[PDB]
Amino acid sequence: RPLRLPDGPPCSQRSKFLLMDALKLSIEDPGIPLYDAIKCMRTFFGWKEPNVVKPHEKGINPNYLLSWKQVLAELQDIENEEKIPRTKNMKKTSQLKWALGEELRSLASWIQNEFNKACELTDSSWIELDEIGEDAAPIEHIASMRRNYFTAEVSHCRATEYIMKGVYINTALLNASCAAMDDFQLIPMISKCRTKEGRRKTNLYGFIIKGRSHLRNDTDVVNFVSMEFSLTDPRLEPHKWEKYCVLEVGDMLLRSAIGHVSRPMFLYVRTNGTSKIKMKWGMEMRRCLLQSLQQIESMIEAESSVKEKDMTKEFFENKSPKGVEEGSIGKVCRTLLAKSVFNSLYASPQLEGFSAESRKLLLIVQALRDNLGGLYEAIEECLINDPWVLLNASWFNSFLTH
């Protein structure tokens, strides 16, 4: 019996920042977030008077518009002051006070598309060669080989960009939460990468503005407004953007498969919140790299025990198994990594419940397949509205039909 997935309106985006829909303004950098952000802004000349093109149905849309216009205005002030300050504390306007706070859903196709996008390779590297690991001593020879092979396959992976993006914004927000407790601080969303030719690049995805943050404990919430560039027209999948007000803010000139084209640039705005403990996990997202490697190392040490010989080279160079189901060893590494990253990006008690209880039903059907309710209500009580959980339930059902 397949799990019954819930009927209802399509599920909507709930990550802390854009994933496949993000857009970067970038520079080849010659280290202070706000200076880097302003230089990134200055690379774009297609800005225009912003307007709402997908309203937030439950929020105050004029306040989101006023908030983006305030960002541009206060950045314009910074540009007129002789020095550029290290940080920028927003005026406590009424639109920002409002925005900072002072049901069954069915599976939609977008979340699978997000996951496919996370597995892809980008044209830039997002981690250094020795990024993975915490070891006090030098690693032994086999451990080194395995980490180098693995890193070669995931260093350019889109899921790794999400890791580093996530690490940056969580560190910046958490640091601001105790260094500027009473300020509506403007926090640029930045990542850094290296192009195939070795050039260092600094990327701006947008900004967040934090609310008051007297975080007395791990579960105290700090609210924030995120404002994120995108080329995704929200009118194509409106259900995805239930939680957002979306602005059109510019026009960008692009190289494409039909030469130069001009496409509108959007700004995805929502209010959100996070806690000390979730920001600490966000700072730890590089462990996804380490957890994924360790799942690969289990597979290598299984083939190795059987062959009475270390199988690291034969595993990563694909030289007994007669193929790779996902098509390449590279795709297996990036698939494992994307699962770990999405578990972190989309963490929830629904995911936790689903993971524990679906594994129980897994082993039971495995033992029935090899040798021939209640647990179902436990799993299916986690199938409410979360895109990541619903997708994983959809995947589990394929593992059942097969």
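In case it trips you up, residue 1 is the first one in the sequence shown, and so on.
Report task. Classify the number of deposited-sequence residues missing from the model between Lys319 and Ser320: none, 1 to 3, 4 to 9, or 10 or more. Result -> The entry leaves 4 to 9 residues without coordinates here.
Query raised in the report: Once you work out the mean C-alpha B-factor for both 309-317 and 245-253 from the entry, which is higher?
Result: Mean C-alpha B-factor is greater for 309-317.
Query raised in the report: On average, are the C-alpha B-factors higher in 213-221 or in 155-163?
Result: According to the entry, 213-221 carries the higher average C-alpha B-factor.
Report task. In terms of CA temperature factor as recorded, identify the highest of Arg86, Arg286, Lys92, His239. Result -> Answer, based on the entry's C-alpha B-factors: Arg86.
Query raised in the report: Taking the values straight from the PDB record, which of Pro50, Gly31, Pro62, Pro55 has the highest C-alpha temperature factor?
Result: That would be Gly31.
Query raised in the report: Where does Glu228 sit by CA temperature factor within its chain: lowest, middle or highest third?
Result: Lowest third - that is where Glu228 ends up once the chain's C-alpha B-factors are sorted.
Requested in this report: Can you work out whether the C-alpha temperature factor of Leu290 puts it in the lowest, middle or highest third of the chain?
Outcome: Tercile = middle for this residue's CA B-factor.
Query raised in the report: Mind checking which third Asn343 falls in for C-alpha B-factor across the chain?
Result: Tercile = lowest for this residue's CA B-factor.
Requested in this report: Would you check the entry's CA temperature factor for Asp386 and let me know if it's in the chain's lowest, middle or highest third?
Outcome: As the PDB entry reports it, the C-alpha B-factor of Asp386 lands in the middle third of its chain.
Query raised in the report: Among the modelled residues of its chain, does the C-alpha B-factor of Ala378 lie in the lowest, middle or highest third?
Result: As the PDB entry reports it, the C-alpha B-factor of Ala378 lands in the highest third of its chain.
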